[PDB]
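To start, the structure itself, in structure tokens.
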Amino acid sequence: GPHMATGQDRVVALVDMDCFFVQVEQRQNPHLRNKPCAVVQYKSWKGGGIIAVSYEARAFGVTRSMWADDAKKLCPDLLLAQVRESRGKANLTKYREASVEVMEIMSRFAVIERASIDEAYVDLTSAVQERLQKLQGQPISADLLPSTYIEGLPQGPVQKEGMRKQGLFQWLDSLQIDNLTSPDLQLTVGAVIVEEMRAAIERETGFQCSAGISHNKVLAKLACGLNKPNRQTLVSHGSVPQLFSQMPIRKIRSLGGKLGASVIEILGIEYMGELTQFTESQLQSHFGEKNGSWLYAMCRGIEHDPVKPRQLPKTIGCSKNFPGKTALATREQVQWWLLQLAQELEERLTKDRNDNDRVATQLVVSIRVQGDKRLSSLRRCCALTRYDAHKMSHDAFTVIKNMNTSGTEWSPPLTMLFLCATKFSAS
DNA sequence: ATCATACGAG
DNA sequence: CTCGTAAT
Ligand SMILES: Nc1nc2c(ncn2[C@H]2C[C@H](O)[C@@H](COP(=O)(O)NP(=O)(O)OP(=O)(O)O)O2)c(=O)[nH]1
Ligand SMILES: [Mg+2]
Ligand SMILES: [Mg+2]
């Protein structure tokens, strides 16, 4: 009881932009606002692949990884914004710059770990303690949480907003505002700060976002998706047993692939909560020492992964696929594309160095050969001593000359090219 | 025929 | 080091 850790030591939030790429295009082109719309890359093949979908468009069934032509069938009036193309490939610069706008605002409030182009984890433990000291023992008004949902409430003895208020009222009524060490109280204050954060992001960028507040990253991330869009959700330690009782295992971060599938099949279970019935050693025996320990604690709502203080991406890369009959087959083609990638990379690296006082020191070159099922067929690295596209492209070629078979021909033909800058050091 | 863009195991 | 897995 007393010596049992409950994983209520920190206050962690996850802020994720709503239909991010769409909002970026909607801010730029007002004609797209408040309409069914999506972001697509590469129109020629089947209308292009959809990578972002507005909530209005989702109502029609449009989704990610869908061909625009097919989406148009579900939603005839679907509006489409195209990803920029430069040097023969998709260019995501607009989205990276928009992401920076958001990350910089969040970093004002606390240490953040950039988890993706549109979301970041926030460690609000220190901020809440400071906020708690201020306005000590004074009741927290519901007005301070206009967009917050308390998971699992209301409970006990017909409109969604009405439902939200009810739950919120039960939560606040129950709170013990006098004990500054109360974990629930701490989450509540964290929620207040996140309201502030989200208001700042929308006021200063025009972008709306959702957020999750909890004691760790997995629960915060999970909480965030519960009430999107434009809403934030508080998931307390106490709400975990009921929340996890019907939560499919694949919903938890890092359990959506093979590992999650193995848990389900080896253990013969479907929901996260069903994991509590196994001993740590049992879980370790099936999924390894690290995975077993993590599952044992996670199914109980406990996780110790820290919010890493990293606002910038660790790598800068450029990659292009060349499907089916379009696979690269000549020396001239390979070199041309390597140069295109090398040029985009060079501009991206030069800007990075000027903005972030760092320089990449290693260049990674990856390819795929036709007939290979894997994402990558081969990976090779070389020094990156100069930010020059011509040198990097030539170095890259040198590095992959070995795969080619004789004949100016290239074979087997290449289905993918990838250049990635890595191993940054201060500059 | 989606594509383009961190981390642990060995 | 390269590779496989994973999320967005
Ligand atoms: N190329 C590509 N880009 C993607 C993919 N998935 C996501 N993105 C890009 C495009 C996305 O807009 C952005 C954010 O990823 P989310 O947060 O997963 N989705 P969103 O923010 O759109 O909606 P909401 O969060 O409200 O559900 O990342 C993909 O599979 N491929
Ligand atoms: Mg998002
Ligand atoms: Mg996201």
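In the structure tokens, chains take the letters A, B, ... in the order shown, each chain's residues start at 1, and ligands count up from 1 in the order shown.
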
Interface residues on chain A facing chain B, 12 Å, only C-alpha atoms (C1' of nucleotides), written as a PyMOL selection string: chain A and resi 40-51+64-68+83+89-93+95-96+113-118+254+288+290-291+313-327+375+415-420

Exercise answer, 6 Å around ligand 3 with only C-alpha atoms (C1' of nucleotides) and all ligand atoms, as a CSV table (one decimal) with N, CA and C atoms (P, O5', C5', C4', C3', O3' and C1' of nucleotides), in the first residue's frame:
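In the end it all went to result-v3.csv:
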chain,number,residue,atom,x,y,z
A,16,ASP,N,-1.4,18.2,-29.5
A,16,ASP,CA,-1.3,17.8,-30.9
A,16,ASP,C,-2.3,18.6,-31.8
A,118,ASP,N,3.7,17.8,-35.6
A,118,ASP,CA,2.5,18.5,-35.1
A,118,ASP,C,2.3,18.3,-33.7
A,119,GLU,N,3.2,17.7,-32.9
A,119,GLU,CA,2.8,17.5,-31.4
A,119,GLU,C,4.1,17.5,-30.6
C,8,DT,P,1.8,8.8,-32.6
C,8,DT,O5',1.7,9.8,-33.8
C,8,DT,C5',2.8,10.7,-34.1
C,8,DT,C4',2.7,11.2,-35.5
C,8,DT,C3',1.4,11.7,-35.9
C,8,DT,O3',1.3,13.2,-35.9
C,8,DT,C1',2.6,10.7,-37.7

List every residue of region 250-289 of chain A that DSSP, applied to the backbone, labels as helix (DSSP H, G or I), and write the result as a ChimeraX atom specification. /A:250-251,258-267,272-277,280-289

What is the CA of residue 301 (chain A)-CA of residue 6 (chain A) distance in Å, reported with one decimal? 8.1 Å

Would you mind listing what lies within 7 Å of region 189-205 of chain A as a PyMOL selection string, with only C-alpha atoms (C1' of nucleotides) counted and same-chain residues fewer than 6 positions away left out? chain A and resi 11+102+105-106+124+128+144-145+213+234

How would the residues just picked look written out with N, CA and C atoms as a PDB file, in the first residue's frame?
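And here's out-v4.pdb as it stands now:
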ATOM      1  N   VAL A  11       3.445  15.868 -13.870  1.00  0.00           N
ATOM      2  CA  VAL A  11       2.332  16.321 -14.700  1.00  0.00           C
ATOM      3  C   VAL A  11       2.808  16.518 -16.122  1.00  0.00           C
ATOM      4  N   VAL A 102       4.465  26.812 -33.776  1.00  0.00           N
ATOM      5  CA  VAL A 102       3.793  26.185 -32.657  1.00  0.00           C
ATOM      6  C   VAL A 102       4.779  25.763 -31.569  1.00  0.00           C
ATOM      7  N   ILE A 105       6.032  28.637 -29.352  1.00  0.00           N
ATOM      8  CA  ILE A 105       5.037  29.109 -28.394  1.00  0.00           C
ATOM      9  C   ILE A 105       4.978  28.197 -27.172  1.00  0.00           C
ATOM     10  N   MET A 106       4.946  26.890 -27.399  1.00  0.00           N
ATOM     11  CA  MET A 106       4.883  25.937 -26.299  1.00  0.00           C
ATOM     12  C   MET A 106       6.136  25.998 -25.432  1.00  0.00           C
ATOM     13  N   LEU A 124       5.015  19.668 -17.102  1.00  0.00           N
ATOM     14  CA  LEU A 124       4.492  20.827 -16.380  1.00  0.00           C
ATOM     15  C   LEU A 124       4.623  20.677 -14.870  1.00  0.00           C
ATOM     16  N   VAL A 128       3.312  23.725 -12.454  1.00  0.00           N
ATOM     17  CA  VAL A 128       2.149  23.564 -11.575  1.00  0.00           C
ATOM     18  C   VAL A 128       2.488  23.871 -10.145  1.00  0.00           C
ATOM     19  N   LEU A 144     -11.921  28.518 -15.573  1.00  0.00           N
ATOM     20  CA  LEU A 144     -10.526  28.368 -15.924  1.00  0.00           C
ATOM     21  C   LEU A 144     -10.312  27.159 -16.837  1.00  0.00           C
ATOM     22  N   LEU A 145     -11.333  26.304 -16.981  1.00  0.00           N
ATOM     23  CA  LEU A 145     -11.234  25.113 -17.830  1.00  0.00           C
ATOM     24  C   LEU A 145     -12.417  25.028 -18.795  1.00  0.00           C
ATOM     25  N   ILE A 213      -3.813  15.748 -20.621  1.00  0.00           N
ATOM     26  CA  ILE A 213      -3.057  15.999 -19.403  1.00  0.00           C
ATOM     27  C   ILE A 213      -3.111  14.788 -18.487  1.00  0.00           C
ATOM     28  N   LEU A 234      -8.400  15.505 -19.448  1.00  0.00           N
ATOM     29  CA  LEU A 234      -7.666  15.163 -18.241  1.00  0.00           C
ATOM     30  C   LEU A 234      -7.909  13.707 -17.861  1.00  0.00           C
TER      31      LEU A 234
END

Within 8 Å of chain A: residues of chain C, using only C-alpha atoms (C1' of nucleotides), as an MDAnalysis selection string: chainID C and resid 2 5:8

My list of candidates is A:408, A:398, A:230, A:28. Which is closest to ligand 2 when distances are computed with only C-alpha atoms and all ligand atoms?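 With only C-alpha atoms and all ligand atoms as the atom set, the closest residue is A:230.
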
So that each row is one residue of chain A with an atom at most 12 Å from ligand 2, can you give its shortest atom pair and the distance in Å to one decimal, using only C-alpha atoms and all ligand atoms, rows by chain and rising number, as a tab-separated table?
residue	atom	partner	partner_atom_place_in_ligand_line	distance
A:14	CA	ligand 2	1 (Mg)	10.7
A:15	CA	ligand 2	1 (Mg)	8.6
A:16	CA	ligand 2	1 (Mg)	4.8
A:17	CA	ligand 2	1 (Mg)	4.1
A:18	CA	ligand 2	1 (Mg)	4.5
A:19	CA	ligand 2	1 (Mg)	5.3
A:20	CA	ligand 2	1 (Mg)	5.3
A:21	CA	ligand 2	1 (Mg)	8.5
A:22	CA	ligand 2	1 (Mg)	10.0
A:23	CA	ligand 2	1 (Mg)	10.1
A:24	CA	ligand 2	1 (Mg)	11.7
A:51	CA	ligand 2	1 (Mg)	11.2
A:52	CA	ligand 2	1 (Mg)	9.0
A:53	CA	ligand 2	1 (Mg)	10.1
A:54	CA	ligand 2	1 (Mg)	10.7
A:55	CA	ligand 2	1 (Mg)	11.4
A:64	CA	ligand 2	1 (Mg)	11.8
A:99	CA	ligand 2	1 (Mg)	11.0
A:115	CA	ligand 2	1 (Mg)	11.1
A:116	CA	ligand 2	1 (Mg)	9.1
A:117	CA	ligand 2	1 (Mg)	8.7
A:118	CA	ligand 2	1 (Mg)	5.6
A:119	CA	ligand 2	1 (Mg)	6.7
A:120	CA	ligand 2	1 (Mg)	10.4
A:207	CA	ligand 2	1 (Mg)	10.9
A:208	CA	ligand 2	1 (Mg)	9.8
A:209	CA	ligand 2	1 (Mg)	7.5
A:210	CA	ligand 2	1 (Mg)	8.1
A:211	CA	ligand 2	1 (Mg)	10.0
A:221	CA	ligand 2	1 (Mg)	10.9
A:224	CA	ligand 2	1 (Mg)	9.7
A:225	CA	ligand 2	1 (Mg)	9.1
A:228	CA	ligand 2	1 (Mg)	9.2
A:229	CA	ligand 2	1 (Mg)	9.2
A:230	CA	ligand 2	1 (Mg)	10.8

With N, CA and C atoms retained, could you export that selection as a short mmCIF file (atom, residue, chain, number, x, y, z; two decimals), in the first residue's frame?
data_model
loop_
_atom_site.label_atom_id
_atom_site.label_comp_id
_atom_site.auth_asym_id
_atom_site.auth_seq_id
_atom_site.Cartn_x
_atom_site.Cartn_y
_atom_site.Cartn_z
N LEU A 14 0.32 16.37 -23.57
CA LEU A 14 0.60 16.21 -24.98
C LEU A 14 -0.32 17.08 -25.81
N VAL A 15 0.29 18.03 -26.51
CA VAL A 15 -0.46 18.91 -27.38
C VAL A 15 -0.26 18.51 -28.83
N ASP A 16 -1.37 18.21 -29.52
CA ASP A 16 -1.32 17.79 -30.92
C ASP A 16 -2.25 18.63 -31.78
N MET A 17 -1.73 19.20 -32.87
CA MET A 17 -2.53 20.06 -33.73
C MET A 17 -3.65 19.28 -34.41
N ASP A 18 -4.81 19.92 -34.57
CA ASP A 18 -5.93 19.27 -35.25
C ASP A 18 -5.74 19.34 -36.77
N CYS A 19 -5.99 18.23 -37.47
CA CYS A 19 -5.80 18.18 -38.93
C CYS A 19 -4.79 19.24 -39.38
N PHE A 20 -3.59 19.10 -38.81
CA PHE A 20 -2.50 20.08 -38.94
C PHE A 20 -2.30 20.59 -40.37
N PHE A 21 -1.88 19.76 -41.31
CA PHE A 21 -1.57 20.26 -42.65
C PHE A 21 -2.76 21.01 -43.26
N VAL A 22 -3.97 20.54 -43.00
CA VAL A 22 -5.16 21.21 -43.51
C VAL A 22 -5.27 22.63 -42.96
N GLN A 23 -5.09 22.77 -41.65
CA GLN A 23 -5.16 24.07 -41.01
C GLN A 23 -4.13 25.02 -41.60
N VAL A 24 -2.92 24.52 -41.88
CA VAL A 24 -1.89 25.36 -42.47
C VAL A 24 -2.36 25.91 -43.81
N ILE A 51 -2.96 12.94 -47.12
CA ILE A 51 -2.17 12.82 -45.91
C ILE A 51 -2.76 13.63 -44.75
N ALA A 52 -3.77 14.46 -45.02
CA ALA A 52 -4.46 15.20 -43.95
C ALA A 52 -5.93 15.41 -44.31
N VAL A 53 -6.83 15.36 -43.33
CA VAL A 53 -8.26 15.48 -43.61
C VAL A 53 -8.96 16.35 -42.59
N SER A 54 -9.68 17.36 -43.07
CA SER A 54 -10.45 18.24 -42.19
C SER A 54 -11.57 17.46 -41.51
N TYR A 55 -12.03 17.90 -40.34
CA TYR A 55 -13.06 17.16 -39.64
C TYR A 55 -14.37 17.13 -40.43
N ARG A 64 -6.91 9.28 -44.04
CA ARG A 64 -5.50 9.27 -44.36
C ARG A 64 -5.16 8.02 -45.19
N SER A 99 5.16 24.26 -38.03
CA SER A 99 5.46 23.50 -36.83
C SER A 99 6.33 24.31 -35.87
N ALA A 115 7.59 15.50 -30.52
CA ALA A 115 7.30 14.11 -30.77
C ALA A 115 6.97 13.87 -32.24
N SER A 116 6.61 14.92 -32.94
CA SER A 116 6.31 14.83 -34.36
C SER A 116 6.22 16.21 -34.97
N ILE A 117 5.96 16.30 -36.26
CA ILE A 117 5.86 17.60 -36.89
C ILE A 117 4.69 18.39 -36.29
N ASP A 118 3.70 17.76 -35.64
CA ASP A 118 2.55 18.53 -35.15
C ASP A 118 2.26 18.29 -33.67
N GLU A 119 3.15 17.74 -32.86
CA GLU A 119 2.83 17.54 -31.45
C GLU A 119 4.08 17.53 -30.59
N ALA A 120 3.91 17.84 -29.31
CA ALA A 120 5.02 17.83 -28.39
C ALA A 120 4.55 17.52 -26.97
N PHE A 207 -4.03 28.45 -35.50
CA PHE A 207 -4.22 27.00 -35.49
C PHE A 207 -4.85 26.52 -34.19
N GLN A 208 -5.81 25.61 -34.31
CA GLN A 208 -6.42 25.00 -33.14
C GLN A 208 -5.77 23.67 -32.83
N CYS A 209 -5.79 23.26 -31.57
CA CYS A 209 -5.19 22.00 -31.18
C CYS A 209 -5.92 21.38 -30.01
N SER A 210 -5.64 20.11 -29.79
CA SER A 210 -6.19 19.39 -28.66
C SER A 210 -5.07 18.98 -27.72
N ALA A 211 -5.38 18.58 -26.50
CA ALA A 211 -4.33 18.19 -25.58
C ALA A 211 -4.83 17.19 -24.56
N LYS A 221 -0.92 11.25 -24.29
CA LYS A 221 -1.16 11.07 -25.72
C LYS A 221 -2.51 10.41 -25.96
N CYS A 224 -5.33 12.85 -25.26
CA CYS A 224 -5.47 13.88 -26.30
C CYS A 224 -6.46 13.46 -27.38
N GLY A 225 -6.42 12.21 -27.80
CA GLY A 225 -7.29 11.77 -28.87
C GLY A 225 -8.75 11.57 -28.46
N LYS A 228 -10.75 15.20 -29.38
CA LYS A 228 -10.48 16.06 -30.55
C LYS A 228 -11.76 16.24 -31.38
N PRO A 229 -11.94 17.40 -32.03
CA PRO A 229 -10.97 18.50 -32.12
C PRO A 229 -11.29 19.64 -31.12
N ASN A 230 -10.28 20.49 -31.00
CA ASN A 230 -10.36 21.72 -30.22
C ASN A 230 -10.81 21.48 -28.78
#

Give the answer as one residue: which of A:94, A:286, A:35, A:386 has the shortest atom-to-atom distance to ligand 1, using only C-alpha atoms and all ligand atoms? A:94

Minimum-distance residue to ligand 1, chosen among A:134, A:215, A:231, A:164 (using only C-alpha atoms and all ligand atoms):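 Smallest separation from ligand 1 among the options: A:231.
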
For a test of reading the model, state the distance in Å between CA of residue 247 (chain A) and CA of residue 152 (chain A), rounded to one decimal. 13.0 Å

Quote the spacing between CA of residue 304 (chain A) and CA of residue 153 (chain A) in Å to one decimal place.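 Distance reported for this atom pair: 26.2 Å.
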
Residue contacts of residue 282 (chain A) (12 Å, only C-alpha atoms (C1' of nucleotides)) excluding same-chain residues fewer than 6 positions away, as JSON, numbers by chain: {"A": [263, 266, 267, 275, 276, 288, 289, 291, 292, 293, 295, 296]}

DSSP on the backbone, strand (DSSP E) only: what residues of region 6-165 of chain A does that give? Format it as an MDAnalysis selection string. chainID A and resid 12:17 37:41 49:53 66:67 79:82 85:86 89:90 112:116 119:123 148:150
